[PDB]
RNA sequence: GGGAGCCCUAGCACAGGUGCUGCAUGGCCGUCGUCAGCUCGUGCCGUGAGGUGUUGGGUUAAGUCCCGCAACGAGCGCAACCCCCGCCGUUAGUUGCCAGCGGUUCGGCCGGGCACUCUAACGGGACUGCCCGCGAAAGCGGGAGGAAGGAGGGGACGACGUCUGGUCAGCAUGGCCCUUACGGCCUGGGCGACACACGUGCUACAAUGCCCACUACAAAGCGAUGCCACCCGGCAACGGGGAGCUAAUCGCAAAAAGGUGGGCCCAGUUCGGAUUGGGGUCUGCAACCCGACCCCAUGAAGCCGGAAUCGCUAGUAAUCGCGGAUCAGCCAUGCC
Ligand SMILES: [Mg+2]
Ligand SMILES: [Mg+2]
Ligand SMILES: [Mg+2]
Ligand SMILES: [Mg+2]
Ligand SMILES: [Mg+2]
Ligand SMILES: [Mg+2]
Ligand SMILES: [Mg+2]
Ligand SMILES: [Mg+2]
Ligand SMILES: [Mg+2]
Ligand SMILES: [Mg+2]
Ligand SMILES: [Mg+2]
Ligand SMILES: [Mg+2]
Ligand SMILES: [Mg+2]
Ligand SMILES: [Mg+2]
Ligand SMILES: [Mg+2]
Ligand SMILES: [Mg+2]
Ligand SMILES: [Mg+2]
Ligand SMILES: [Mg+2]
Ligand SMILES: [Mg+2]
Ligand SMILES: [Mg+2]
Ligand SMILES: [Mg+2]
Ligand SMILES: [Mg+2]
Ligand SMILES: [Mg+2]
Ligand SMILES: [Mg+2]
Ligand SMILES: [Mg+2]
Ligand SMILES: [Mg+2]
Ligand SMILES: [Mg+2]
Ligand SMILES: [Mg+2]
Ligand SMILES: [Mg+2]
Ligand SMILES: [Zn+2]
């Protein structure tokens, strides 16, 4: 049972909405759908850049997609011939003229979505889970951070009986709103099932 | 009440006799939150206590409550055997409640059709010593001093 | 206490079929799946086979049962 | 009371209006 | 649900009363809040991911 | 006498851009009728917490639209010229009548 | 010229205006008794004036918005009690211990899910 | 003659499966339990599993704080940070008014002003801070001042774990399985079947009541191929006409118990509205199976319920109406 989404809980304060636009009760439904299509075409094609998040904003018909990736190299390409292809491939699903931006991630080891995303990929490359997690945490703790915590789900190691592996140090104060705890979930499509990687990263206070 | 001894609430005095007992009665007469026509009863009852008796109603209501208050009652007890009906004293707080409750209940047994009347006659009859309320009081105290043998469990 | 306003309803593929067989003789049996259709006076005669989710039925058609709906005569469920 | 269709109380309970609870 | 059973895609449904909803995200046919076009389960997921702008944990 | 009903899903961003619409003057050019409060409309959705059963779970979500009014009396043309490219909020919208 | 207090009670708001006068209270363009016709609790709206000796030494133009008449009674009561203190700050002595200055913050409790009614819990079997 | 595109058979790579497996999984949920608990680092003890800390004495809603001590600290929990309610202020005047004067087609309708109510952003406000008594301290009892006083009221929030708990039919997803049917489309039927039994409810059995008429006070919500003022026809559901409202401005909308008047007079009744016969309305291609509503007639059982058994400690239970979601319509008395 237990434990609400540490994002959706803090959504009020310490964390703001991924897509932040306004729409009436005859539009909201449509903008939302297309907004989703963008995230889908984005999370698939930009995997290599490792996209932490995608901010989307709207106004006088136009749409300001502000992609946050660790390596903006892979979204630019031939000095452009990639950020053009993708601002183009968005122009088809969105008939409304898009504007793709790219945001550097100073510290991939301070964005929970990426940390988790990291762990996920190892588990498919059959890394040792226990270490992966203790390591992943350290890489996050070494990069500043007031605290951090990772969680791998079940079937660690092909093991017939699903388990759960842990690791976490510093403070990770879940019930305090005044927190800022980036959360990130990564899936791990292994040969013998699926695994879930949850990553918590505490930082700052007020 | 596991923690604190739990205090009694202080009902604001009557609007017409400026009394606390009369609010209490009115509250026991009331059902389903309809306090307006519970008072609309007790007072209608009060007009009737005069146009059937030279006495002032407050003095009579008070007079009859006293005749229904039980000095003794039993409450059961589980021992190293079974149920023993231990004769207890009855606190002045509990005599209040018991009297009033008994008065309304007795009143609503009556065959008179208007509510005010039933209250009226019960309130009267009880002052003058008789009436169903008093009977389930002279009764109650009769079970005490009958289980007198079990007085030695005074709690 | 039912419902046919200023419309009245009879599913028409069955109707153009029965009125057609009122230019001459009465076709023994008509295979319908539309129990939906009210009975018109022009149906009094030819035995219609109302379906059932399982079987067309020999519903002979008296004049004593005009205003009624077809499916009122082909019981659906089976009981004891 | 609330069960009888042809009354005040009853028509109020079942959303409706009619002969027994005029709309106005 | 059944991928086949998105003949909700059937733009003409023959009669407008065969028109139904379905979650535009998961296919769910049974709690599809029409404002969002999403089913109840998808709504809570998207709400928590903060991809429903303006939508928030509500308490009073 | 121009009419401007402002509304969005966030109110930190409203009152900080309705304020930026009252940049004609504080009260020295056209009258200015102050940023008008004007009640917010709250839609609510109530979702059963898990998939499959557990009726008694439930979790509340709301989406609230906040609405402002402002309204300026006697529109000098330079006051209007300022209604051009002078904005920053993205989640704020703008009805205009006269 | 007059004297004023607000006084709210459980989703109801009175506004109390105190004129010097004969004791005529009017509530919402209507007589005081025409408005609380046959509600025994009514007389208790004027329990401040009764207990500072003012029952007939003031007229009172009172506007009342919201809720239900019995809360409007309690809210007028607070309204009066407040006006009568900004008319003579000394009145508190024979007014505060009675309680008339306090505002009754007792308000309807929210409906909780999985309950029937905030606290009324659904009935269960087999245990 | 050869060919880009979309249409085309007859083959192949594949689709598709709400078929199996929570007895392989993720995710999300339930549950003990919003219970006050679960641990960790380092030291110390013990051959060792382990222990100490976290035991003791006070105290708290609380491993809450205090005092003590081979322990000194720390993390997840508690509390606080967020929200709604209660008092007050500043900003703000196409909602609000015998506040104050002018006009009245006696409606805040008009001029007119925002004081007040409100609306909704930002702030103040509480701290055992002040006094008296017990206390080694934490705190306890009481008393002032205050709208509120020791957690002011209600939310959101659920620890390490437990249940090999629920869910592969929401969604993923390993494996196994079917592949002119375990896929796909129709039309009709079913999910609504009735000798029976249980759960959760609704409506009752009436006089603190029921009926009719008049009249008074809400909050929260929803409204465009929508809410429907008002007018006309109909006993009525509703049909015809039609105003306003992208709604603090128009509408749903009547709040209902309440209050005043009248009727019923202890009766299975002017209690109760089940059943059934008839005549209609509206929604939908379509209401037989199986819609809701209106009207006429019918007027069942039920006189407060065995053994047993549920909820609730305050604006609570009890009681009264109102709204939304889903949704053409509606079986809603359910739920929020
Ligand atoms: Mg044909
Ligand atoms: Mg009746
Ligand atoms: Mg599928
Ligand atoms: Mg449908
Ligand atoms: Mg819960
Ligand atoms: Mg209530
Ligand atoms: Mg070609
Ligand atoms: Mg396959
Ligand atoms: Mg599971
Ligand atoms: Mg607790
Ligand atoms: Mg030893
Ligand atoms: Mg050793
Ligand atoms: Mg110990
Ligand atoms: Mg101790
Ligand atoms: Mg602690
Ligand atoms: Mg807490
Ligand atoms: Mg104020
Ligand atoms: Mg005048
Ligand atoms: Mg002290
Ligand atoms: Mg099972
Ligand atoms: Mg069923
Ligand atoms: Mg059962
Ligand atoms: Mg008419
Ligand atoms: Mg009468
Ligand atoms: Mg009973
Ligand atoms: Mg309790
Ligand atoms: Mg009831
Ligand atoms: Mg509906
Ligand atoms: Mg309802
Ligand atoms: Zn869905």
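Protein chains in written order, with PDB author numbering: chain C, 2 to 207; chain G, 2 to 156; chain S, 2 to 81; chain V, 2 to 25; chain N, 2 to 61; chain J, 3 to 100; chain I, 2 to 128. Idealized CB from N, CA, C, for every residue including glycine.
Exercise for the section: With residue 69/G as the anchor, note down where its alpha helix (DSSP H) starts and where it stops. Expected result: 58–69
Problem - CB contact below 8 Å: residue 42/I versus chain G - result: yes
Handout entry: Backbone CA spacing between residue 47/J and residue 23/C [nearest angstrom]
Key = 18 Å
Exercise for the section: Inspect the CB distances between the segment 70–79 of chain C and the segment 101–119 of chain C and report whether three or more fall short of 8 Å. Expected result: yes
Practice task
Using a Cβ cut-off of 8 Å (strictly closer), state whether residue 84/G contacts chain I.
Solution key: At a cut-off of 8 Å between C-beta atoms, residue 84/G does not count as an interface residue with respect to chain I.
Handout entry: Rounded separation between residue 7/I and residue 156/G - CA only
Key = 53 Å
Handout entry: Opposing strand residues paired with residue 96/J [DSSP bridges]
Key = 8/J
Handout entry: residue 60/S - partner residues in DSSP beta bridges
Key = 49/S
Practice task
Identify the contact partners of residue 52/I in chain G, using a Cβ-Cβ distance below 7 Å as the criterion.
Solution key: Going along chain G, no residue has its Cβ under 7 Å from residue 52/I, so there is no contact; the nearest lies around 12 Å.
Handout entry: Integer Cβ distance of residue 27/S from residue 47/S, believed to fall under 8 Å
Key = Confirmed, Cβ separation roughly 4 Å.
Handout entry: is_contact[residue 92/J, chain C] using C-beta, thresh 8 Å
Key = Taking Cβ atoms only, chain C reaches closer than 8 Å to residue 92/J, which makes this a yes.
Handout entry: Coarse secondary structure for residue 73/I, derived from DSSP in three states
Key = helix
Exercise for the section: Note down, one range per segment and in chain order, each alpha helix (DSSP H) of at least 4 residues found wholly within the segment 23–85 of chain I. Expected result: 33–36, 48–51
Exercise for the section: Would you be able to state if there are at least three C-beta pairs under 8 Å between the segment 156–168 of chain C and the segment 127–145 of chain C? Expected result: yes
Handout entry: Opposing strand residues paired with residue 73/G [DSSP bridges]
Key = Its beta-bridge partners are 90/G.
Exercise for the section: Check the Cβ of residue 48/N against every Cβ in chain C and list those closer than 9 Å, keeping chain order. Expected result: 6, 9, 12
Problem - residue 134/G versus residue 112/G - alpha carbon distance - result: Rounded to whole angstroms, residue 134/G to residue 112/G spans 15 Å at the Cα level.
Handout entry: Cross-chain neighbours of residue 95/J in chain C, by beta carbon under 7 Å
Key = Residues of chain C passing the Cβ test: 23.
Exercise for the section: Please classify residue 75/I: is it buried, with 16 or more other beta-carbons within 10 angstroms of its beta-carbon, or exposed? Expected result: buried
Exercise for the section: Reducing DSSP to helix, strand and coil, say where residue 21/I ends up. Expected result: Per DSSP, reduced to three states, the secondary structure at residue 21/I is strand.
Practice task
Return the bridge partner residues of residue 29/C from the DSSP annotation.
Solution key: Beta-bridge pairing links residue 29/C to no other residue.
Problem - Where the segment 35–60 of chain J meets chain C: residues whose CB sits under 7 Å from a CB there - result: So nothing in the stretch comes that close.
Problem - C-alpha distance - residue 41/N paired with residue 120/I, whole-angstrom precision - result: 26 Å
Handout entry: Interface flag, residue 115/G vs chain I, CB-CB below 8 Å
Key = no
Problem - Contact under 8 Å by Cβ, residue 93/I with residue 14/I - result: Result no, Cβ atoms of residue 93/I and residue 14/I do not sit closer than 8 Å.
Problem - Contacts around residue 68/G, its chain only, beta-carbon distance under 7 Å, and the 5 residues preceding and following it disregarded - result: 127, 128, 130, 135
Exercise for the section: Could you confirm whether any beta carbon from chain C is found closer than 8 Å to the beta carbon of residue 28/N? Expected result: no
Practice task
Specify, as a first and last residue, the run of the beta strand (DSSP E) that residue 68/J falls within.
Solution key: 61–70
Practice task
Check residue 130/C in the structure and name its three-state DSSP category.
Solution key: helix
Exercise for the section: Give the residues from the segment 4–33 of chain N that approach chain C closer than 9 Å (Cβ to any Cβ), ordered along the chain. Expected result: 25, 26
Exercise for the section: Report yes if the C-beta distance between residue 100/C and residue 141/C is below 8 Å; otherwise report no. Expected result: The answer is no: Cβ separation not under 8 Å.
Exercise for the section: Count the CB pairs spanning the segment 52–60 of chain I and the segment 19–38 of chain I that are closer than 8 Å, and state whether there are at least three. Expected result: yes
Handout entry: Counted within 10 angstroms of its Cβ, other Cβ atoms place residue 10/S as buried (16 or more) or exposed
Key = Exposed.
Exercise for the section: Could you tell me whether the Cβ of residue 31/J comes closer than 8 Å to any Cβ of chain C? Expected result: no
Practice task
Look up residue 170/C in the DSSP assignment and say whether it is helix, strand or coil.
Solution key: strand
Problem - Sequence-distant residues of its chain with Cβ nearer than 7 Å to residue 32/J (five each side left out) - result: Counting only residues of its own chain and dropping the five nearest sequence neighbours on each side, residue 32/J has a CB closer than 7 Å to the CB of 26, 74, 75, 76, 77, 78, 81.
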